[PDB]
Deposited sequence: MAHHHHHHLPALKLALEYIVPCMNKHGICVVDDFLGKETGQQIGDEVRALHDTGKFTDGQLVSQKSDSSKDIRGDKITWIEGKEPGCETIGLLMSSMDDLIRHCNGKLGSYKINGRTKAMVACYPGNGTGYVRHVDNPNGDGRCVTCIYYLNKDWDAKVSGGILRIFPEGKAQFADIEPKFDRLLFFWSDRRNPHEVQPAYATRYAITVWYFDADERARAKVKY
């Protein structure tokens, strides 16, 4: 609809992402890339699935299966654009996300929960200070109905009187602190559920992790 207009990355970062993250440690952004780009990502992810590029998560350690995407691979061009779009937002968050100085990230982890009641038990992404400070997730599930299909990400922010229910909605982008501040679970999914995750590194924590 031609009455709607995209917020520039700088505007979205400073007017929303930064304050929301510093206040709540969780930030949801809907309509990130638009319908055309979102569906195209859906196509690329389904292709990865169909061509058998996923490994079951019980080997990586949960009924998930995952594939790592660098972004430049043939057939992953749009996933690549998503990743550069994520980077753009983080860049504009300057050094305003707490006291972090982000200088790098993981590749993209494409995850599939193949319905059949599969999910992910309550966990912390980075409990052992491995350098990862911000989790960034993009969902690409067309017309997801959590009332029927489930698959809600429930986040339990540490020491807060509230929790967050995040439906894995088409074209939804999500940020949260990767550390113990945000334990979270993926509730059982009863339809094919896809997500793409990148983790951003804090320079010092990442350095102290391997050094």
Quiz item: Given the full deposited sequence, which segments carry no C-alpha coordinates?
Solution: 1-2, 64-72, 223-224
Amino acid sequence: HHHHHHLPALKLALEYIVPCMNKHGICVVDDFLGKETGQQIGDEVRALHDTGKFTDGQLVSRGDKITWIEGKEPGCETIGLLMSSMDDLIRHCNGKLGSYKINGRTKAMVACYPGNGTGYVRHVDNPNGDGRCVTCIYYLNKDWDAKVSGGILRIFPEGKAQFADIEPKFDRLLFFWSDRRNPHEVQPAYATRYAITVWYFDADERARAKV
From here on, numbers count along this sequence of modelled residues.
Quiz prompt | 144-152 or 24-32, whichever carries the higher mean Cα B-factor | solution = 144-152
Self-check item: Mean C-alpha temperature factor, higher of 132-140 and 86-94
Solution: 86-94
Quiz item: Lowest, middle or highest third: where is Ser99 by C-alpha B factor in its chain?
Solution: highest
Quiz item: If you rank every modelled residue in this chain by C-alpha B factor, which third holds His123: lowest, middle or highest?
Solution: middle
Exercise. Consider only the C-alpha atoms of the modelled residues in this chain, order them by B-factor as the entry records it, and name the third containing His3: lowest, middle or highest.
Key: lowest
Exercise. Check where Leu173 lands among this chain's C-alpha B-factors and tell me if it's the lowest, middle or highest third.
Key: lowest
Quiz prompt | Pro183 CA temperature factor, ranked by third within the chain | solution = lowest
